[PDB]
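Asker: Structure below; questions to follow.
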Amino acid sequence: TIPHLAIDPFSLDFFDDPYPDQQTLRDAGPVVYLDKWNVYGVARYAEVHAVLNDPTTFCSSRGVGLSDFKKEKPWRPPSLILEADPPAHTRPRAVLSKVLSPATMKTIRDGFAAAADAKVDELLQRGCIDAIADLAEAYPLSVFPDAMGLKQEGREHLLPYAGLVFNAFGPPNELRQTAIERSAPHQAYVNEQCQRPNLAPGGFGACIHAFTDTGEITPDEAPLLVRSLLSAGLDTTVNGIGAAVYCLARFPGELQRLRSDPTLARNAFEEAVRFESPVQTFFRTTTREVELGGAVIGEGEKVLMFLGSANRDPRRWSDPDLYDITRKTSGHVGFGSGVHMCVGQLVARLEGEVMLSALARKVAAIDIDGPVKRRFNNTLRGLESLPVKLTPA
Ligand code: HEM
Ligand SMILES: O=C(O)c1ccc(-c2ccccc2)cc1
Ligand SMILES: [Cl-]
């Protein structure tokens, strides 16, 4: 009753161009079985949204990667937030929500915006730049480690660590195994910076430790919650901003609309998240036999969600394959949905907004002027190199 497909959603061929295979997965049925990895798959918006919004049946505490923590040992101690279900999830979630809250955004917005403006001015002086290394990477590296309260030394470990985290949600293919083989120095750096003495006053890390006396988290929980921000808080935004610039380079008509109304910057970034979902896939595990879309899935089964596919499903979106900065993006799943929906989304949106605002006000054209190279990761989607010429406004 459930179609079986041989598509490998963690192959380089899939990463190179996932859209035809995603349509194949959507059109095969609401629920598919992926023989390559012995997991169920859901690629339509309706089922992805339903799975995300039933955490009791589709749990996260057995891992949101291929590995089932009930069968195999996690490669690192489980996350107290991502890899937790309610009720254990609830108070750590509440702490990170307050740390990454509107009030915090107000304290950091001016500095984040100045840094975006300054970066665009710098890039305009160079003219020809790599929008990944020089912009998508450089801008978040210029604001987020400092907002965390990290020392300067060792920040070169942050992107490798995140690439490891997101590769480790995949199956035991070469991307994952190579990442784990090389991981020891990055893990050692990250774990050490999670300790309260290594996090500067006023930053996100220190704020997490300052929440350890309310009864929400204990002091021994705070280093792992800092670890969560050092895992998810940088590489995601690198790929999101890279996606937005890639979209504006490929859709010059939308760059021109954005120039004419820079207050579209925040929605232009949100549409980039929908269109080029930086996080493409991850898993849940069933806690019982469950009927989904008309198929019966047994207990203890991994269910792979295709977030990028759900965000391009024509059952939900009009012209899903168009980048439209005035689209009503409400409901996209690029930040997830439900109780685990990205707790850092206000930081992500702030970065993306202020960067796209700076481009809207300062740049007249973005022209690809060199070979574009993709960066392969088991769950993140984005580019390795994006050579562009920036023309000043
Ligand atoms: C464009 C940038 C980003 C994207 C696309 C993104 C995407 C996501 C998604 C899809 C989830 C849901 C995971 C799940 O349901 O299992 C999530 C959760 C999470 N994200 Fe984000 N994220 C971004 C930026 C950030 C930032 C900047 C931070 C921190 C500063 C962050 C921290 C987290 C954390 C801690 C969780 C787990 C929340 C929970 O389990 O309750 N993310 N993110
Ligand atoms: O370490 C964490 O808590 C953490 C790691 C990865 C993520 C993540 C974000 C988006 C998609 C999948 C996973 C969230 C939290
Ligand atoms: Cl670690």
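Letters A, B, ... go to the chains of the structure tokens in the order shown; residues in each chain start at 1; ligands are counted from 1 in the same order.
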Show me, as a VMD selection string, the residues that have an atom within 8 Å of residue A:216 when counting only C-alpha atoms, minus same-chain residues fewer than 2 positions from it.

Answerer: chain A and resid 91 to 92 94 to 95 211 to 214 218

Asker: Please give me, as a PyMOL selection string, the residues lying within 6 Å of ligand 2 when counting only C-alpha atoms and all ligand atoms.

Answerer: chain A and resi 79+81-82+227-228+231-232+279

Asker: Based on the selection just made, write C-alpha atoms of those residues as a compact mmCIF listing (two decimals), in the first residue's frame.

Answerer:
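What ended up in result-v2.txt:
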# COMPACT_ATOMS: atom_id res chain seq x y z
CA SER A 79 20.66 17.85 23.13
CA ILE A 81 16.14 20.68 23.62
CA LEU A 82 16.32 19.23 20.07
CA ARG A 227 26.09 23.84 23.01
CA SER A 228 22.74 24.03 21.25
CA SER A 231 25.46 23.83 17.04
CA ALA A 232 22.49 25.44 15.29
CA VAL A 279 17.67 22.72 6.48

Asker: What's around stretch 155-169 of chain A at 9 Å? Count only C-alpha atoms, leave out sequence neighbours fewer than 2 positions away in its own chain, and write the answer as an MDAnalysis selection string.

Answerer: chainID A and resid 63:67 75 137 141 145 150:153 171:172 175:180 182:183 185:187 189:190 230:236 279 282:283 377:380

Asker: Atom CA of residue A:3 to atom 12 (C, counted along the ligand's line) of ligand 1: how many Å, to one decimal?

Answerer: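 It comes out at 26.9 Å.
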
Asker: Could you please extract the residues within 8 Å of ligand 1, counting only C-alpha atoms and all ligand atoms, and hand them back as JSON, numbers by chain?

Answerer: {"A": [52, 60, 64, 81, 82, 83, 84, 89, 93, 96, 100, 144, 225, 228, 229, 230, 231, 232, 233, 234, 235, 236, 237, 238, 239, 240, 241, 273, 277, 278, 279, 282, 283, 284, 307, 333, 334, 335, 336, 337, 338, 339, 340, 341, 342, 343, 344, 345, 346, 347, 348, 349, 352]}

Asker: Identify, with DSSP run on backbone atoms, the residues in stretch 216-369 of chain A assigned to strand (DSSP E or B), and express the list as a PyMOL selection string.

Answerer: chain A and resi 279+281-286+290-292+295-297+302-306+363-368

Asker: So that I can check the surroundings of residue A:20, please list as a PyMOL selection string every protein, DNA and RNA residue that reaches within 12 Å of it, counting only C-alpha atoms and ignoring chain neighbours fewer than 2 positions away.

Answerer: chain A and resi 7+9+13-18+22-27+309+312-313+321

Asker: Quick one, how far is atom CA of residue A:382 from atom CA of residue A:121?

Answerer: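 About the pair atom CA of residue A:382 and atom CA of residue A:121: they are 24.0 Å apart.
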
Asker: Leaving out residue A:50 and any residue of its chain fewer than 3 positions from it, which residues lie within 10 Å of it when counting only C-alpha atoms, given as a PDB file with N, CA and C atoms, in the first residue's frame?

Answerer:
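Result went into part_9.pdb, see below:
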ATOM      1  N   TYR A  45       3.541  18.896   1.832  1.00  0.00           N
ATOM      2  CA  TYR A  45       3.363  19.840   2.923  1.00  0.00           C
ATOM      3  C   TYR A  45       2.459  19.260   4.004  1.00  0.00           C
ATOM      4  N   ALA A  46       1.314  18.714   3.599  1.00  0.00           N
ATOM      5  CA  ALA A  46       0.306  18.277   4.566  1.00  0.00           C
ATOM      6  C   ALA A  46       0.882  17.289   5.570  1.00  0.00           C
ATOM      7  N   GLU A  47       1.614  16.282   5.091  1.00  0.00           N
ATOM      8  CA  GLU A  47       2.131  15.250   6.002  1.00  0.00           C
ATOM      9  C   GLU A  47       3.328  15.750   6.783  1.00  0.00           C
ATOM     10  N   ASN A  53       3.703  18.456  14.020  1.00  0.00           N
ATOM     11  CA  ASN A  53       2.760  18.945  15.005  1.00  0.00           C
ATOM     12  C   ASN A  53       2.146  17.846  15.852  1.00  0.00           C
ATOM     13  N   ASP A  54       2.705  16.639  15.821  1.00  0.00           N
ATOM     14  CA  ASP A  54       2.277  15.549  16.702  1.00  0.00           C
ATOM     15  C   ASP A  54       3.530  14.992  17.360  1.00  0.00           C
ATOM     16  N   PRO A  55       4.085  15.705  18.353  1.00  0.00           N
ATOM     17  CA  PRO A  55       5.339  15.242  18.958  1.00  0.00           C
ATOM     18  C   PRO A  55       5.165  14.016  19.832  1.00  0.00           C
ATOM     19  N   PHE A  58       5.238  11.281  17.000  1.00  0.00           N
ATOM     20  CA  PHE A  58       6.454  11.384  16.184  1.00  0.00           C
ATOM     21  C   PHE A  58       7.497  12.087  17.048  1.00  0.00           C
ATOM     22  N   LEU A 292      -1.000   7.485   8.909  1.00  0.00           N
ATOM     23  CA  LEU A 292      -0.656   8.784   8.342  1.00  0.00           C
ATOM     24  C   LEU A 292      -0.938   8.767   6.846  1.00  0.00           C
ATOM     25  N   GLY A 293      -1.814   9.666   6.396  1.00  0.00           N
ATOM     26  CA  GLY A 293      -2.157   9.773   4.991  1.00  0.00           C
ATOM     27  C   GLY A 293      -2.880   8.575   4.399  1.00  0.00           C
ATOM     28  N   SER A 337       7.970  23.569  12.687  1.00  0.00           N
ATOM     29  CA  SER A 337       6.602  23.887  13.063  1.00  0.00           C
ATOM     30  C   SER A 337       6.292  23.163  14.357  1.00  0.00           C
ATOM     31  N   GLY A 338       5.485  23.793  15.204  1.00  0.00           N
ATOM     32  CA  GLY A 338       5.107  23.134  16.443  1.00  0.00           C
ATOM     33  C   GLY A 338       6.067  23.381  17.594  1.00  0.00           C
TER      34      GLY A 338
END

Asker: I'd like the neighbourhood of residue A:388 as a PyMOL selection string, where a residue qualifies if any of its atoms comes within 12 Å (using only C-alpha atoms), though same-chain residues fewer than 4 positions away should be ignored.

Answerer: chain A and resi 123-124+126-135+242+245-246+248-250+363+365-372

Asker: Taking 2 positions as the minimum chain separation for residues in the same chain, which residues sit within 10 Å of residue A:40 when counting only C-alpha atoms? Answer as an MDAnalysis selection string.

Answerer: chainID A and resid 2:4 31:35 37:38 42 283:285 297 301:305

Asker: I need the residues in stretch 235-342 of chain A that are helix (DSSP H, G or I) according to DSSP; give them as JSON, numbers by chain.

Answerer: {"A": [235, 236, 237, 238, 239, 240, 241, 242, 243, 244, 245, 246, 247, 248, 249, 250, 252, 253, 254, 255, 256, 257, 258, 259, 260, 262, 263, 264, 265, 266, 267, 268, 269, 270, 271, 272, 273, 274, 275, 307, 308, 309, 310]}
